[PDB]
Amino acid sequence: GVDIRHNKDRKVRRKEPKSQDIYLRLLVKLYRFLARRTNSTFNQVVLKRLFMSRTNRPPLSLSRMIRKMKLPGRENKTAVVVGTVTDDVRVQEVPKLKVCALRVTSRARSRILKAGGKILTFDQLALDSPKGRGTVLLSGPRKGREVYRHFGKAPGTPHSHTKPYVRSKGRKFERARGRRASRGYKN
Amino acid sequence: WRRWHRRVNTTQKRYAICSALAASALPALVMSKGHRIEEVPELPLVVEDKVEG
Amino acid sequence: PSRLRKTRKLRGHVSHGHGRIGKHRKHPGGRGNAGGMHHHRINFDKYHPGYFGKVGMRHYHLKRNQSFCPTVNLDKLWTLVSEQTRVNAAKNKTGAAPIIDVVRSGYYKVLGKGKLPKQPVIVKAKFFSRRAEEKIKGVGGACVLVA
Amino acid sequence: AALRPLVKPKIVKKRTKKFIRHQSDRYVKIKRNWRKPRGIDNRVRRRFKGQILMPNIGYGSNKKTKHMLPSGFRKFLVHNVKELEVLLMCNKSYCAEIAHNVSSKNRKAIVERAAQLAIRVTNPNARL
Amino acid sequence: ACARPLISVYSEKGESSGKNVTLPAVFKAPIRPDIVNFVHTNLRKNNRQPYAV
Amino acid sequence: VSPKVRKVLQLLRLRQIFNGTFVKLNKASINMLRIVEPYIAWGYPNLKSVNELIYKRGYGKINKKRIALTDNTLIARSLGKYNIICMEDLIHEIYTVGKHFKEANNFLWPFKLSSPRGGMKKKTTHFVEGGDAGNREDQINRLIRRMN
Amino acid sequence: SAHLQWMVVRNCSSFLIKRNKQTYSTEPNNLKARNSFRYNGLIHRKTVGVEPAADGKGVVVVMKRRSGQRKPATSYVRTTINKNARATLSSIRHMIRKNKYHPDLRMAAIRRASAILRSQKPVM
Amino acid sequence: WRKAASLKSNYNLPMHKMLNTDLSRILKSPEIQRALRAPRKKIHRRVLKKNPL
RNA sequence: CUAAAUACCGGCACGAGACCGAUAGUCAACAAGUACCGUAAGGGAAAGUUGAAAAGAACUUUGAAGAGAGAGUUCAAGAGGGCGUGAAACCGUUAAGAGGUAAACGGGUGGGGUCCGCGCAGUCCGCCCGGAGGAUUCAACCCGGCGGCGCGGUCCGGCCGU
RNA sequence: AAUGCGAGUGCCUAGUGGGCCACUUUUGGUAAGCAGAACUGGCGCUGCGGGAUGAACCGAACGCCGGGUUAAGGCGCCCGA
RNA sequence: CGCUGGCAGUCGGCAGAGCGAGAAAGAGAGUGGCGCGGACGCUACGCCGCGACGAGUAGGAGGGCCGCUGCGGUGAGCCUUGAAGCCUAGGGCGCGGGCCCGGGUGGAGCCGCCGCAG
Ligand SMILES: [Mg+2]
Ligand SMILES: [Mg+2]
Ligand SMILES: [Mg+2]
Ligand SMILES: [Mg+2]
Ligand SMILES: [Mg+2]
Ligand SMILES: [Mg+2]
Ligand SMILES: [Mg+2]
Ligand SMILES: [Mg+2]
Ligand SMILES: [Mg+2]
Ligand SMILES: [Mg+2]
Ligand SMILES: [Mg+2]
Ligand SMILES: [Mg+2]
Ligand SMILES: [Mg+2]
Ligand SMILES: [Mg+2]
Ligand SMILES: [Mg+2]
Ligand SMILES: [Mg+2]
Ligand SMILES: [Mg+2]
Ligand SMILES: [Mg+2]
Ligand SMILES: [Mg+2]
Ligand SMILES: [Mg+2]
Ligand SMILES: [Mg+2]
Ligand SMILES: [Mg+2]
Ligand SMILES: [Mg+2]
Ligand SMILES: [Mg+2]
Ligand SMILES: [Mg+2]
Ligand SMILES: [Mg+2]
Ligand SMILES: [Mg+2]
Ligand SMILES: [Mg+2]
Ligand SMILES: [Mg+2]
Ligand SMILES: [Mg+2]
Ligand SMILES: [Mg+2]
């Protein structure tokens with residue numbers, strides 16, 4: 001026999017979307033054909049992001065879209081979003097934008113179409129640019145979720161700004177012994 | 001006091017109503033439900049208002 | 001769906017996923033939050049710092065309604081009124097400034113966090129913060145107090 | 001006048017005996033159906049020499065000849081006459097077994113239709 | 001899609017009358033059998049009666 | 001097997017018994033073959049030994065797959081940038097340890113050899129003790145013909 | 001679309017039989033009677049069906065016209081072929097190849113039409 | 001999709017994730033077909049290694 | 001002092017069930033808080049099914065009788081008054097095989113049985129050639145019907161457009 | 001520098017927390033199949049060939065098979081040689 | 001298990017049948033000097049091709065066209081020309097959980113598929 005270790009033989013990664021929704025599963029068929037029949041790596045990234053869970057495609061704000069398409073050089077390009085384009089209401093001016101996304105919310109759609117841009121779906125993007133040329137891939141903040149404040153080094157440890165799990169916050173909710181130099185110690 | 005009842009979001013209930021209604025105007029989907037509609041003249045089968053009388 | 005649970009795959013396995021040596025006994029470390037000082041002290045200090053002790057003053061008949069003061073930042077100041085309120089002042093030439101009543105929308109104190117568009121405002125509020133009134137004066141505007 | 005299949009490959013079976021349960025011979029309460037032994041000292045699951053064998057995946061039949069009858073056909077359960085027009089285009093690789101709860105009157109009509117559709121029946125003289 | 005055809009209203013004798021109604025946009029909604037199943041199998045538990053020993 | 005010795009036996013790509021590999025010799029190689037000395041039997045191969053080994057047991061590592069060297073295109077597609085385009089170029093770069101010996105030797109899969117016909121002398125002791133382990137200098141070819 | 005309603009009918013159709021490690025379809029226009037996207041007789045805009053005639057002899061060939069798709073009463077045109085075993089095999093092949101009507105079903109139609117003519121022969 | 005529901009308070013028809021769902025006509029379109037590599041449909045089975053010696 | 005909205009595993013009368021189906025479901029589907037036990041307070045079971053209809057086996061014969069043998073009923077007594085179906089443990093008999101390392105077992109064969117293949121002259125299919133035949137028969141034209149396609153470069157008229 | 005290998009990273013998490021044996025080093029004890037350590041490998045969790053037998057020894061680790069060849073052991077007979 | 005490999009090109013008288021080959025890229029457009037014919041395929045959750053690997057207690061995960069009972073749908077499902085159940089020196093399939101036929105017994109109900117529930 002051989003002295004190999006079978007601990008990491010099976011890589012965990014997604015081969016297919018776990019969801020059973022048939023409109024996503026047709027776009028998966030389309031970009032699965034495109035990723036193996038083109039040499040463009042854009043179709044591979046889009047196909048891999050179509051597999052992902054809801055937490056792995058966080059929504060973009062319209063303001064983050066404006067700033068990530070306002071950069072020099074990337075004018076007259078198609079912003080490609082795998083998640084959802086949500087409206088961001090703390091911005092007043094919307095320029096015209098050519099948009100490809102899985103979902104666009106109803107008030108963001110109104111603002112984009114009133115600005116004068118276009119909103120595509122992924123089959124429309126596959127028809128327009130099959131190799132995804134003139135596109136800017138964008139993704140939402142993945143650490144934007146509240147779950148990531150409780151992650152990392154444990155609270156009650158020196159130099160660890162990790163949010164603890166409390167039933168409520170207040171004066172007498174975990175603020176005395178591990179937090180005060182008066183009562184006990186402070187990390 | 002087992003949880004017998006489930007509550008469903010109103011937008012999803014309406015979404016399922018729309019998906020069930022849009023599937024009733026397609027040939028293959030009503031054939032695959034088994035309904036004998038080979039001689040039905042039109043699949044949105046709409047009749048006149050004296051049927052209520 | 002009990003057919004999807006772990007129990008249906010544990011039929012035939014003797015210890016039912018709980019171990020041959022250390023059995024699934026009833027309460028092998030106490031009930032509930034037992035031993036926070038004594039034998040669960042490492043968990044209680046490594047995950048819940050500050051749980052034991054007294055901090056601060058007591059307030060006997062505290063009613064939450066007296067300290068009710070909902071806040072709105074200035075980046076949400078223009079969302080309280082309609083869009084044709086905002087664009088009419090932009091197309092306006094006489095310099096008239098629209099009035100935003102945040103107590104009508106359900107806010108008492110105005111804090112100033114975001115930007116303001118370069119157009120005059122008259123903000124009526126129960127309370128103001130200092131940077132909130134300076135960002136309104138800098139864009140050119142009035143901070144009217146109400147009771 | 002037997003109905004030949006499309007091809008008749010040689011069927012190789014790695015084991016023809018059943019996989020009997022451990023100690024199904026000393027007791028009537030222990031049926032022949034296989035249960036994997038999970039005892040701490042069980043000499044069968046530890047694979048000691050000269051004991052009852054265990055159903056591994058290595059005993060699996062070849063995929064070309066899997067689920068195939070010794071006549072060279074594969075089997076399909078048939079309840080009525082309508083289920084034979086299902087099988088008429090799969091004629092030279094799949095054959096029909098009339099179900100046990102089908103009466104003799106309908107079973108005559110099923111094999112009568114299968115004769116003209118050239119579909120082989122594994123039990124044509126079943127009930128009569 | 002977006003193309004809404006013109007369905008014909010049939011009389012009670014089976015033949016087509018002169019009335020035509022455009023196809024409602026409900027019939028072009030997306031077909032989601034997974035959501036229809038999720039709504040159906042959760043709303044079907046709501047008519048149940050309790051049982052206990 | 002001792003852990004230090006396991007690491008060196010994996011860096012020599014000898015993960016299975018009766019596996020064989022070509023190793024160029026320097027101080028850094030002799031000080032590793034000394035560590036794995038009781039577990040190996042190494043020596044100095046003949047030109048005919050390299051011919052027999054590459055022609056009969058020659059398998060290439062192409063796209064991390066053990067591919068039999070049945071055509072010269074298989075060598076020339078991977079080692080053609082080092083001007084190694086056939087069996088004869090491969091045998092030359094192995095026998096005369098050239099510039100691209102590391103690439104030519106790493107392209108070859110480790111040699112999956114049979115049990116030695118005739119039999120081993122003594123597996124547990126060194127060759128100079130009338131056994132098998134260690135350095136048999138000119139006599140590795142006698143093991144190569146009976147094992148290949 | 002055909003793909004869209006195939007994603008509905010691929011597992012929960014009433015024509016589907018799943019037993020004895022095989023799958024089929026009892027669909028009216030499914031020639032070869034198997035459950036697949038290509039051979040499904042109701043999701044496509046252009047379907048070909050080959051069936052026995054109402055009486056003892058002949059082969060009925062059914063196509064689906066392109067105009068009435070939501071109108072199943074007048075959707076399918078039907079022709080009856082009561083001829084010898086070779087001119088019907090030329091005729092159906094002509095109806096598919098020359099009309100370019102769903103051309104990847106021509107040999108399946110010929111193989112079904114041969115089986116119907118064999119079934120309409122006297123048994124031995 | 002442009003006029004909201006009048007008997008409900010605030011309901012619209014849901015948006016389509018995929019407008020053109022006929023991926024056969026999508027795939028055999030000249031827009032997509034020109035930007036593809038040649039299909040590698042030749043089957044290369046394993047070669048029985050004869051001993052050259 | 002004071003109605004209503006609120007509570008209700010007792011009582012009367014009802015309706016329903018993704019509940020259980022006679023070791024289950026109330027202890028209790030039945031002469032069940034009964035039989036029975038304890039001085040007492042109290043404890044507390046087991047127990048459904050012939051058949052469609054008793055048509056519940058007249059009469060003959062042996063035996064003192066229980067029990068049989070005939071006869072008869074029934075679609076059926078292989079349903080005969082604790083009787084629908086009638087498993088396993090255990091036992092009787094028949095048949096087959098075997099037997100001094102308790103029995104049983106895994107692997108590998110061999111022998112004998114029981115049944116099956118409804119085996120015992122051994123597969124058909126397509127094309128072509130040759131030989132004996134038989135049709136109301138082929139191609140090509142004419143008429144009528146239907147379908148497909150149409151960059152009819154851009155024919156006329158409609159419908160729709162997130 | 002040589003040799004070899006795709007890596008990096010984040011959540012949730014069961015069981016365990018009685019161990020034992022062997023080469024070498026080593027403490028107490030007259031010693032122990034005794035008590036207590038270090039390193040590595042095993043047994044526990046593991047079948048197989050050999051040591052007649054056998055937790056740990058020697059060889060070698062295991063999907064179901066056919067052919068060939070070996071390891072540690074052996075080749076009077078049991079019992080292959 | 002990996003190659004996060006290949007196949008929508010079944011592109012047919014509106015035709016020209018290919019992408020295994022050592023060497024980044026197009027069997028590209030234009031501009032000047034008779035016989036009516038061609039296997040299979042593709043449940044894309046499908047099919048196909050290369051390699052490497054396979055011990056297991058406690059434990060964890062996945063797949064079950066394994067099994068029991070009940071509900072919503074569905075098989076123009078099965079059934080007094082015989083259902084459930086039970087027995088069987090009968091024929092088989094599946095690595096296995098188990099399942100399908102044949103004979104007998106029996107006399108009134110039962111099962112397959114898609115989901116749901118215990
Ligand atoms: Mg192995
Ligand atoms: Mg392992
Ligand atoms: Mg792992
Ligand atoms: Mg276990
Ligand atoms: Mg236990
Ligand atoms: Mg557990
Ligand atoms: Mg414990
Ligand atoms: Mg517990
Ligand atoms: Mg203490
Ligand atoms: Mg043990
Ligand atoms: Mg020899
Ligand atoms: Mg040693
Ligand atoms: Mg009072
Ligand atoms: Mg009711
Ligand atoms: Mg009871
Ligand atoms: Mg009972
Ligand atoms: Mg009874
Ligand atoms: Mg009876
Ligand atoms: Mg009876
Ligand atoms: Mg009855
Ligand atoms: Mg009885
Ligand atoms: Mg006897
Ligand atoms: Mg313990
Ligand atoms: Mg000790
Ligand atoms: Mg281990
Ligand atoms: Mg061992
Ligand atoms: Mg000894
Ligand atoms: Mg061998
Ligand atoms: Mg001996
Ligand atoms: Mg394993
Ligand atoms: Mg028996």
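Chain A is the first sequence line, chain B the second, and so forth, proteins listed ahead of strands; every chain is numbered from 1.
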[N] base to [X] side chain: any donor-acceptor pair below 3.5 Å?
X	N	value
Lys41(H)	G6(K)	no
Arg38(G)	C42(K)	yes
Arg47(D)	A55(K)	no
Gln20(A)	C45(K)	yes
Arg106(G)	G12(K)	no
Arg32(A)	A44(K)	no
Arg127(D)	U81(K)	no
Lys46(G)	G147(I)	no
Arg37(A)	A8(K)	no
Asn123(D)	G102(K)	no

Is the shortest side-chain N/O distance from [X] to OP1 or OP2 of [N] below 4.0 Å?
X	N	result
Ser2(C)	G118(K)	yes
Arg38(D)	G59(K)	no
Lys8(A)	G6(J)	no
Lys102(F)	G4(J)	yes
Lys15(A)	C45(K)	no
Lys32(G)	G41(K)	yes
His18(C)	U16(J)	no
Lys42(H)	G6(K)	no
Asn106(D)	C79(K)	yes
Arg45(D)	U46(J)	yes

Does [M] pair with [N], Watson-Crick or G-U wobble, where both distances are under 3.5 Å?
N	M	answer
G46(K)	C7(K)	yes
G18(J)	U70(J)	no
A22(J)	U40(J)	yes
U69(J)	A2(J)	no
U93(I)	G84(I)	no
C1(I)	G25(I)	no

In whole angstrom, give me the gap between the [atom1] atoms of [N] and [M].
N	M	atom1	result
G82(K)	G104(K)	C1'	14 Å
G80(J)	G50(J)	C1'	14 Å
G11(I)	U2(I)	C1'	30 Å

Apply side chain to side chain donor-acceptor pair (under 3.5 Å) to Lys18(G) and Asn11(G), showing your working. CA-CA 10 Å; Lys18(G) 309 161 75 163; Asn11(G) 207 14; 2.9 Å; yes

Can you tell me whether the side chain of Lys65(F) sits in the major or the minor groove, going by heavy atoms under 5.0 Å? minor

Say you draw a straight line from CG of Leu105(G) to CD1 of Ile96(G); how long is it, rounded to the nearest 0.5 Å? 7.0 Å

Approximate separation, where rounding is to 0.5 Å, of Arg4(D) CZ and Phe73(D) CZ: 10.0 Å

Whichever of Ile20(D) and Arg44(E) has the more 5' nearest nucleotide on RNA chain I, that residue is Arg44(E)

By nearest heavy atom, map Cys2(E) and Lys100(G) onto RNA chain I; which one lands nearer the 5' end? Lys100(G)

Which base, if any, makes a Watson-Crick or G-U wobble pair with [N], both distances under 3.5 Å?
N	answer
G68(I)	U61(I)
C113(K)	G73(K)
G118(K)	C68(K)
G29(J)	none

Decide if the distance between the centres of the six-membered base rings of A24(I) and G25(I) is under 5.5 Å while the angle between those ring planes is under 30 degrees.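 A24(I)/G25(I): stacking flag true.
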
State, as yes or no, whether the six-membered rings of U49(I) and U50(I) are stacked by the criterion of centre distance under 5.5 Å and planes under 30 degrees. no

Could you tell me whether the side chain of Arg142(A) and the main chain of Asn56(A) form a donor-acceptor pair under 3.5 Å? yes

Given 3.5 Å as the limit, does a donor-acceptor pair link the side chain of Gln10(F) with the main chain of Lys7(F), or not?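 Looks like no, no N/O pair under 3.5 Å.
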
How many Å lie between CD on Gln16(F) and P on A71(J), as a whole number? 17 Å

